[PDB]
Amino acid sequence: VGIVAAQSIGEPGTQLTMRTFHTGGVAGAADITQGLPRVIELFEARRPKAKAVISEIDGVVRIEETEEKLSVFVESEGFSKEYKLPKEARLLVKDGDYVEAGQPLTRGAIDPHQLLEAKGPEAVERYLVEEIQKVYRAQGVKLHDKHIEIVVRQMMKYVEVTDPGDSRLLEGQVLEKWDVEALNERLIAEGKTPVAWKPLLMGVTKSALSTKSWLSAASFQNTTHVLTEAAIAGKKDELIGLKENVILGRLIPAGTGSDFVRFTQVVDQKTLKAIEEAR
Amino acid sequence: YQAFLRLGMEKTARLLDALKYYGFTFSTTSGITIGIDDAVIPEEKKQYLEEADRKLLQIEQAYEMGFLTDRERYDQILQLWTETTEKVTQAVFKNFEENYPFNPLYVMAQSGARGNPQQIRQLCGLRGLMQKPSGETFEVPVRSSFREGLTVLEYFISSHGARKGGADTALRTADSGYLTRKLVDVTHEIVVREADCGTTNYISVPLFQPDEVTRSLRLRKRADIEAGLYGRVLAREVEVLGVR
Amino acid sequence: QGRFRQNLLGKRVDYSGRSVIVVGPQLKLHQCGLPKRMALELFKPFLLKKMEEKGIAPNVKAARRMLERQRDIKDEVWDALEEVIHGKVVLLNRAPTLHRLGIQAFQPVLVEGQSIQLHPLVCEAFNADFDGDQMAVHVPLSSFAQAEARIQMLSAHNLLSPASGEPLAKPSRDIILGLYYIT
Amino acid sequence: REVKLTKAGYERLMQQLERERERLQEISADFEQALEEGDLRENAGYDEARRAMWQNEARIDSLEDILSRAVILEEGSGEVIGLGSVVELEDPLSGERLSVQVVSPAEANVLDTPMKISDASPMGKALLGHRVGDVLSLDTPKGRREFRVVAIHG
Amino acid sequence: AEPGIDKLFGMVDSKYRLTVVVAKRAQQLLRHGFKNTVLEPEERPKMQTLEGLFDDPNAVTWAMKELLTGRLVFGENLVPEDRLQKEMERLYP
Amino acid sequence: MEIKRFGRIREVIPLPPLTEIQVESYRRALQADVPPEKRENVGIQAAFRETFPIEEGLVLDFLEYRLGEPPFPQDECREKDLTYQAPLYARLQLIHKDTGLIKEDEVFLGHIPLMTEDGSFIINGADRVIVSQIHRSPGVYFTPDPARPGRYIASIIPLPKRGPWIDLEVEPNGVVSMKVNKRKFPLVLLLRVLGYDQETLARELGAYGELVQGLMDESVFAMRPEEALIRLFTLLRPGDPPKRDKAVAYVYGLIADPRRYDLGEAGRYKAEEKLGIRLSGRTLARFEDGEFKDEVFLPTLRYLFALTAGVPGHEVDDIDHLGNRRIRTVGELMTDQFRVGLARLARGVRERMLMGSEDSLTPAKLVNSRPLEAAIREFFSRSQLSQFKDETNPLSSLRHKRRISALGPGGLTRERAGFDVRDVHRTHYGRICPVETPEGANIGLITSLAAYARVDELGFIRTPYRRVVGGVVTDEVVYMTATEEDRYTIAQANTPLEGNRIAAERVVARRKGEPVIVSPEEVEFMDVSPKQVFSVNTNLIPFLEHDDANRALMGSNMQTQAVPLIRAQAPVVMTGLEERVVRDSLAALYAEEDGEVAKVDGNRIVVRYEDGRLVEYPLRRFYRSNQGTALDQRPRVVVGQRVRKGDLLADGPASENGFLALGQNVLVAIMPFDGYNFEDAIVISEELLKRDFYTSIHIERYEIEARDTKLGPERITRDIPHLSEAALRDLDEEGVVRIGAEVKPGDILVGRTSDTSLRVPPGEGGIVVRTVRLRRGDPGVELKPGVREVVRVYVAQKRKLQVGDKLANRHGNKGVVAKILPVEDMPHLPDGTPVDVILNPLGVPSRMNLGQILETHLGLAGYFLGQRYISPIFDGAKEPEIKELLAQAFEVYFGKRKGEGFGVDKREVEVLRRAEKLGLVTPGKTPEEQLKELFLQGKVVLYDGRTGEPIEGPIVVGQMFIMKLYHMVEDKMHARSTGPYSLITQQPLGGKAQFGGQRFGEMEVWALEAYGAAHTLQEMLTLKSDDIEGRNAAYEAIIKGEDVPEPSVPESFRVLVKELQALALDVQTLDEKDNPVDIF
Ligand SMILES: [Mg+2]
């Protein structure tokens, strides 16, 4: 599937541009960065051109027109979240209306990290998938969401440590690995030693950069450092994953070489009983 | 698509093979080709041309007295042609639609064959307005039909785009699947292997789109919907349209 | 160009074949044309083996010299070549490969000309038109690699683009033209 | 700020976005073909059509932009030319008569019954603030002709 | 397309399963001599100018045709590993 | 054959020398045609006066320059890899401060190449080209500030590359800024260095610009005259002594830095014209009397406060505007590099005075060709400018002969900043063909010059224009500058005319680069012709007026890739330039003067001029083209024949009767076939391949040199260490292969020793035609060091169009050749005569290029009328006239059918029957007329031939002009299986007896990975490459009829394991349950 995702998306990539003239009173050339460039930034947690400041707080809305800098408050329970937006900025949310956490205050693009903290993980992910499609959709590209989803999945396959229990609180490990602990934390071994984890969003590149297997790291990243630190500890490289198992030249973990069918039986009645005749 | 989902793989092929043959076979006996006269120019030509001729003069007579601003005259005129051209368009199709339902050029476009409406215009009808080197489209439209001898300058103008078109196609095909590269660098170790995951965590797939023109929930386009539900695994069974 | 980043960037392969491409109307999607000259050289080894099963040549090298240089390639030789492939199928590859179908399996068959005959339906698949382009052709020597080559790489088996449930064997221009002028 | 429009002007503009949606959708379709059309690199058709997208993609923005923050005027009563009034200029010496209805910069269209002039237009500038009986001029390529506001109705 | 390819996919629990199965039996057909077939009587694969395709045509071409008939049986752990080439080489010349 | 041209416009002045771009440019550059008496200046001479007056006392100046004695003739240099130069001598004398001596001994310094009759150069055995280049004529220009819509910014740039980039930025916070070498400083300071005093300054300056207080500010420093300079230096980053080291300053005096360009135009232009007035000196110079005068700073600023204030005349110069963009012709480029060597030469003479041994030296002591010659050789062979002369055919070279590009020395245009210049600008009008640019990247960066358009005294491509008084057209014209053009109102040449006066009142014209409608009263000028609008490359298209600029661009370049077919045929339709082309192109040779024919030998042509004289002409039989092709000259005259001055003697490579003929005019029946003409596929009748219609001649130059290693020099001889005689037969001579021999892939042409014999590389070779060697006794050849001798082998063969052949039309419709159906079952016309080529209509719509559809029809009549036509670009034939003649043709096709005694055919019935039901024919009319009326549309009945059943519905037919391209099937035919291997790594690379399998790339693999073809993939990464074990292991199994080997461990696996072991890395291979695993 991996390759799939990659192909289905790669192919189109070589047909996306755009950025011309009809606008020009400030630093606006399109209203954001529509085209292939957007795809990058999306696949790579960045701060878009027309970032719309969101309100991590959920309340109402109040504005103050003209005079130096306009301001909009997201008051509610008691506190008032002030956001200073230049008079040359445009917003969609109007006075009064109720706003939720991680809501597009300004008109344009959103910010990855910001949306994450405010609303949460689930929101970001859904944002991404859709945000991508938008691009390919406005280009006559009809690709199933499946693929896009797989991608982003890895952009969150890693979280950070908050509460110790076996490793420092300054580390970021594989999301699944956390379950390897979450389970042995209370099930196998008693004494519940929680490990508050917080999923970390990473762009495609950075993601691979933090791969688990060393074999892979030995390719992309600086070989030296890799093997180096990988040596210190008796790092165990499970030969699972095209990339790494590719270097070795060994049969790829997928396809016909898959661990599921790699072992098949092709018996013929004429000899099937012959196995019974050996007992 | 239906065939495949019905009969089966192989069978589909045979269909395709059969089609291919017949397609060509008739495409030869049909007796269809392209001739200078096959690019019939709707008589409405001379009509609309005048309808838009004195029309423009009207807006001009206005600004000459200071009625419209320097910018208005620009957007105004543009509207004229942008739309006056849309007219001639549908016009031509009509003439073929009623008189020559078998006219070569025509049949092509309509049929799932080649040819595109927008393109046809630049033949029977005539190209609209081109763009200036900067970005803002030109002011003097292309009152000439491809089927007819396009004047010198108008050609010089129609080149502003030919050069531009070959410009973007040089900066997007150079990197050659650069994306895929980086993309694969993270999906190269993702493959199927299991027997039904235990995670009962469903996914919320929107059937309706948020705001487009005021906070009003609308139904997302047909395509998008499929691109998200077509072939999936319904977590919680749900009987809606009366079907289980 | 080190060692770790070596097995990745791949390299040159044997039994490689390529040339100008042309449409193959008569050809069935179940197969693909292929210049006799090429198939022959691109199959020197295999050929030789069958050359033995026949009184063509006494032993291996015997057949090697038999055609080491012959402007009169025995009529028997040819018939044998075809008798060599039989079911075995080769592979086709466009230069810019971005999608999986950038390479599909086909059952080659003796053909004239010096260019490779390719089916029109796959034209859409491997982004390429008949203006002068040129595809590639490999041959699954491994009787095991030959399996998955025609089992999961065969063209007639790859119609539904994984990218989208949209058909790939979508009739084009000419075909349509007729199918419409008739209905 | 706040774009000012009229019921009539609204119906024409709102409907405009509706027409453009039927067109724009046709643009995307054309591409879904060109991309599958084979022929690489120069579909004369491809690029020109691409820009065409930006053009509709753009008109879609300018349209939906104003439509989300506009107003509505019912200036059927009053004497001073306001937003929605239909004034009538009559060249003094000529004795010729005319009719017009100036409106906000988002209504410009010489086609309407009373030639709808932009609010920020020189013509729209010298009319606001004066009433029945006024006579003024501005700058004109052919010279400078003054006009007396015959009568302001509605 | 290929002969009853569909009927095949329906016999396997996974597309890739088929492949590995077709390949394994394909070899055993040539290495362990070409007389391990089960459909040799009639309807056996044939050639052209000379229907001599009754002895050695193409491996897989036969393998699948064998699966065409529910004569054979497959699985993950059907018969002991090593007990494979032992019962085969002794039963066939 | 008959010749009818529809020329309505009176083409006044004919097309100028299409090669004068390179011609005169070299001429005037190096005034050599006339003695030093005719003291010109510019170029060579000017170069002397420049860095010649040398004084360190060293006192040596220029006297006379002469030379031009080419060591070997043309051809000689080509075949002998020699350099077509010319011994360059120089006459100069020396005078001392101590009155005396006048030593003037002929001193020469290196040789210089020369320009060929065609306008090319023969550097080292090969013919190259010196392409022109564009840029921004080094002058004064004002353009708006970067991202600040505030004020604007002035700019001064006096080339050569040794000219400082000075800029004037108006810093709002206060004071004006002068950018130089990445540093800003108060211009005031400098002004003071010039003598400008506070009072005299401000007054005559900011008398209108209150902003003046932004420079009249200095009341502390601007109070010190000459002292200012001391300070100015303090600005220079370097920490040098504040003494009289006024170096950097003086640098910007009158020496090199400030452009030393012509005192009147080159510089004065951007001067007088834009700002200031007169040009004191040649640039912002004058460093005499200690002080400095610069009537440059005053203006540049006087213009600044001007635009930043009132309206002295709206001076906001435009970039792309050609009226400020200069060209760099061969002469300029060359003379430029020349000055380089001069400055480098003078470098020595100066130092060779400090160490000079008194007045006992002058010539050699101060001269050395080393510096000079070095430069020249660098430009003509190391500069990216010079290139491989594209001789794919006559036309091709011509285009590459007059093309232009932006990229170059760098100090003009870079590579990552020009999306602006790439687009066609308003000024390009009639100056640069908008459809002459190449495809792919760099598009726009490189594009030839227009037609009539010609270069001026200094770049600035002018263009012809018709003068007009009121409504009367003047027969006089002048080349207007891209600048002064906008000054007037020009009208089109389309404009109807009545003898010498305008027609309709509503006339079309272009005001200031803007399309406008003006009355016959404001007509200041008029277009000379539609031609001057585009370049030749395009002026060859039939009905351009009916094809998109995009698709036109295609056919335009396509003609350049045409192949010199043997049976040349002039296009059924011609733009009328074919005659001129073959002329200035020098593809064919014309008679110098009037006289009579003498010897008409297939190799030599002799004639006796009327002025009492006799001369013969070498007939280059079959010369090896630079792109591998034929270059013969077919004598189109006969023994004893009165000829006129400038008459067709022998045809060019692709010429025929003085008319260009790049291809053939074959019958065409556009219509969909059995899919054989799918995408762009092109069917074809064997009939054509029969009468050797589409075919050409190809050549292959394989060279071999007898190296001289220190392990025993290699000897050329029939000595073959493998006692092979079955291959030494054809190898008659002692090493070289016989002439006229039929070499085949693998045979030997030359025998090397140490056995490194030069065999016949993969593919083919053809039949040898001519070969020559070069022993030790070099009669006069520059045998490369370490080389004992050299040999060449000119082989060739015929290119008979087969299957993989591709051919396009002048309209840009390219397509391969699928099947070639025989004339037997080929769609035929009711009366015999089958078709020739079948094109698929589907390639007409999407591709808006109706032009073809036109040429066809027009050609459909030329077949029966038996004639050819010439249609001007836009003034070409019109729909009406055509139908007239075409109809006349019908009275010939069917007109004969009548008298012969036969009418219509039962088949012709059914077809016309559906014709009427298709609205093609007017019902009620008689068959006769029905067919006629239908013939006028360009469509006719047509029988299948395969089944005899005609195709219901007429099929537009005619004679379209096509042609084969350079790209053949020879350079593509890799068929490998078993062969060599990478001596270094382990890759199946061939080259000799076998070939090399194409690469696989990670891309293809991925897709392979997707499929899940684990084995198929693993097979490609090992058994077919690296791991040599499994490779052979596999070969055996195959030849043995056994299953292919299944690699247990790729050599890459185990090698890496230990490769890491080699350094710490305790790579331990564990099994499924943490257990050892034997690797080897
Ligand atoms: Mg192509």
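The deposited coordinates, according to the entry record, derive from X-ray crystallography at 4.40 Å resolution.

(A) Representation of the overall build of chain E. Within chain E one finds four helices and one strand. Written out in order from the N terminus, the α and β elements of chain E read α-α-α-β-α. Taking the principal axes of the C-alpha coordinates as reference, chain E spans close to 45 × 35 × 20 Å. Counting every position in chain E, which comprises 93 residues, the buried fraction comes to 44%.

(B) Region of interest: the side chain of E1019 of chain F. Along the chain, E1019 of chain F turns up in helix α24 (residues 1014-1021). For the buried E1019 of chain F, which has no salt bridge, the nearest side chain bearing the opposite charge is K1024 of chain F, at an N-O separation of 5.0 Å. The residues touching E1019 of chain F, leaving out its near neighbours within four places in the chain, are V139, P140, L141, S142 and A145 of chain C together with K1024 of chain F.

(C) Representation of the pattern of salt bridges within the structure. Applying the stated criterion across every chain, the model contains 115 salt bridges over all chains. Measuring nitrogen to oxygen at the nearest pair gives 2.8 Å for the salt bridge that ties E66 of chain E to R25 of chain E. Of this pair, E66 of chain E sits in helix α3 (residues 59-67) while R25 of chain E is found in helix α2 (residues 15-30), placing the two residues 41 residues apart along the sequence. Salt-bridge contacts for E928 of chain F lead to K898 of chain F; the nearest nitrogen and oxygen are separated by 2.7 Å. Of this pair, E928 of chain F sits in helix α22 (residues 927-935) while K898 of chain F sits in helix α20 (residues 879-900), placing them 30 residues apart in sequence. You can call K898 of chain F partly exposed: its relative accessible area is 40%.

(D) Structural view of the arrangement of the chains. No other pair of the 14 pairs of chains in contact has as many contacts as chains C and F. At the level of C-alpha atoms, the two units chain D and chain E stay apart, their nearest approach being 24 Å.

(E) Spotlight on the interface of chain B and chain F. Between chain B and chain F, the residue contacts involve 49 residues of the former and 64 residues of the latter. Across the chain B/chain F interface, buried area totals approximately 5,100 Å², and carbon plus sulfur atoms make up 66% of it. Its largest share of buried area at the contact with chain F, chain B owes to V152, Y155 and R163 of chain B, together 17% of the area lost on that side. The tally of links between chain B and chain F comes to four salt bridges. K939 of chain F is the salt-bridge partner of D38 of chain B, the closest N and O atoms lying 2.7 Å from each other. At the junction of chain B and chain F, the tally comes to 14 residue pairs in polar contact. Mapped onto the side of chain B that touches chain F, the elements with two or more residues apiece are α2 (9-29), α7 (152-168) and α8 (178-187) of chain B. Of the residues forming the side of chain B that touches chain F, the biggest block, 14 residues, is contributed by α7 of chain B. Taken together, the residues of the side of chain B that touches chain F break down into 22 nonpolar, 16 polar and eleven charged.

(F) Spatial organisation of a nonpolar patch on the surface. Residues and elements named next belong to chain B. A cluster of nonpolar side chains, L207, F208, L217, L219 and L229, forms an exposed patch at the surface whose accessible area comes to about 530 Å². With respect to the element layout, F208 can be found in strand β1 (residues 208-209). A relative accessible area of 47% places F208 in the partly exposed class.

(G) Representation of the packing of helix α21 (residues 906-916) of chain F against α22 of chain F within the structure. All names here are of chain F. Remark: α21 packs on α22, axes separated minimally by 11 Å, with the N-to-C direction vectors making an angle of 65 degrees. Considering their axes alone, α21 and α22 lie roughly perpendicular with respect to each other. As for how α21 packs across α22, the hand of that crossing is left-handed. Residue-level contacts link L912, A915 and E916 of α21 to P927, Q930, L931 and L934 of α22. Classifying every residue of the contact of α21 with α22 gives five nonpolar, one polar and one charged.

(H) Geometry of the sheet that holds strand β30 (residues 695-707) of chain F. Here we have four strands laid out as an open sheet, ordered β30-β35-β34-β31 (chain F), and antiparallel in their pairing. Either end of the sheet is taken by a strand with one partner, and the two such strands are β30 and β31 (742-743) of chain F.

(I) Seen up close, the packing of aromatic side chains. Evaluation of the coordinates by the stated rule reveals 34 aromatic pairs over all chains. With a centroid separation of 6.2 Å and 50 degrees between ring planes, the pair formed by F43 of chain C and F46 of chain C is classed as tilted. Judged by its relative accessible area of 15%, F46 of chain C is buried. Here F48 of chain F and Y65 of chain F contribute two aromatic rings whose centre-to-centre distance is 5.8 Å and whose plane-to-plane angle is 75 degrees, an arrangement assigned as edge-to-face. Each member of the pair, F48 of chain F as well as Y65 of chain F, is classed as buried. Of note, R620 of chain F hangs over the ring of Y623 of chain F, and the distance from its end group to the ring centre comes to 3.5 Å.

(J) Just the nonpolar core, in detail. Formed by 183 residues in total, the largest nonpolar core has its most connected members in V39, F43 and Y136 of chain A, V90 of chain C together with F935 and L942 of chain F. In terms of residue count, α20 of chain F provides more of this core than any other element does, eight residues in total. Beyond its immediate stretch of four places on either side in the chain, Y136 of chain A contacts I9, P12, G13, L16, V39, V141 and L143 of chain A together with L179 of chain B. If you look at the next biggest cluster of nonpolar residues, it comprises 58 residues, including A562, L662, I670 and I682 of chain F.

(K) Highlighting the sheet that holds strand β40 (residues 958-964) of chain F. Residue and element names in this part refer to chain F. Spatial strand order, β29-β40-β36: three strands in an open sheet with antiparallel pairing. The two strands at the open ends of the sheet, each matched to only one other strand, are β29 (664-668) and β36 (807-809). Taking each pair of neighbouring strands and ignoring which way they run, the sheet shows an average axis angle of 50 degrees. Here β29 pairs with β40 via five bridges, running antiparallel. Each bridged residue has a counterpart across the sheet, and for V668 the counterpart in β40 is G958.

(L) Region of the structure containing the interface of chain C and chain F. Taken residue by residue, the interface counts 71 residues in chain C and 70 residues in chain F. Both faces considered, chain C and chain F share a buried interface measuring about 6,300 Å² in area, 58% of it formed by carbon and sulfur atoms. When residues of chain C are sorted by the area they lose upon contact with chain F, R3, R12 and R18 of chain C head the list and together hold 12% of the total. Connecting chain C to chain F are one salt bridge. In this structure, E679 of chain F engages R173 of chain C in a salt bridge whose closest nitrogen and oxygen atoms are separated by 3.1 Å.

(M) Main features of the coordination of the magnesium ion. All names here are of chain C. Taken together, the protein ligands of the magnesium ion are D129 (OD), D131 (OD), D131 (OD) and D133 (OD), with distances of 1.9 to 2.4 Å. The sequence pattern describing where the donors of the magnesium ion fall on their chain is D-x1-D-x1-D. The class of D131 is buried, set by a relative accessible area of 15%. On the basis of relative accessibility, which here comes to 17%, the residue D133 falls in the buried class.

(N) Looking closely at the pairing of strand β37 (residues 867-870) of chain F. All names here are of chain F. Neither face of β37 is left uncovered, since the one carrying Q867 and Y869 and the one carrying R868 and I870 both have all their residues buried. Relative to β37, strand β1 (residues 2-5) runs parallel, the two sharing four bridges. Each bridged residue has a counterpart across the sheet, and for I3 the counterpart in β37 is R868. Pairing analysis gives two bridges linking strand β20 (residues 573-574) to β37, with the strands arranged parallel. Within β37, the residue paired with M574 across the bridge is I870.

(O) Quick peek at a negative patch on the surface. Residue and element names in this part refer to chain F. The grouping of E592, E593, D594, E596, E610 and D611 at the surface amounts to a negative patch. Looking at the secondary structure, you find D611 in the loop between β23 (604-609) and β24 (613-618). The class of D611 is partly exposed, set by a relative accessible area of 47%.

The rules behind the values
- Residues numbered from 1 in each chain as written, not as in the entry; some residues may be left out.
- Chains lettered and ligands numbered in written order.
- Part of a larger assembly, values for the part shown.
- Heavy atoms only, no water.
- Helix = DSSP H or I, 4+ residues; strand = E, 2+ residues; numbered from the N terminus.
- Buried < 20%, exposed > 50% of the residue type's maximum accessible area, 1.4 Å probe, protein only.
- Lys, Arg positive; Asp, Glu negative; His and termini not counted.
- Salt bridge = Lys/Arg side-chain N within 4 Å of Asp/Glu carboxyl O.
- Contact = heavy atoms within 4.5 Å.
- Buried area = accessible area lost by both parts, 1.4 Å probe.
- Polar contact = N/O pair within 3.5 Å; in protein donor to acceptor, adjacent residues only side chain to side chain.
- Nonpolar A, V, L, I, M, F, W, Y, C, P; charged D, E, K, R; others polar.
- Patch = residues over 30% accessible without salt bridge, like charges linked within 9 Å, V, L, I, M, F, W, Y side chains within 5 Å.
- Areas by Shrake-Rupley, 256 points an atom, 1.4 Å probe, with all protein chains shown as cover.
- Axes fitted to C-alpha atoms, helices over the stretch in contact; angles between N-to-C directions.
- Parallel < 35°, antiparallel > 145°, perpendicular 65-115°, else oblique.
- Left-handed = near helix turned anticlockwise from the far one by under 90°.
- Pairing = 2+ DSSP bridges.
- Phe/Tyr/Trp six-rings, centres within 6.5 Å; stacked < 30°, edge-to-face > 60°.
- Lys NZ or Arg CZ within 6 Å of the ring centre and 35° of its normal.
- Core = buried A, V, L, I, M, F, W, Y, C linked by side-chain atoms within 4.5 Å.
- Donors = N, O, S within 2.8 Å, 3.2 Å for Na, K, Ca; no water.
- Charge placed at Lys NZ, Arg CZ, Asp CG, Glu CD.

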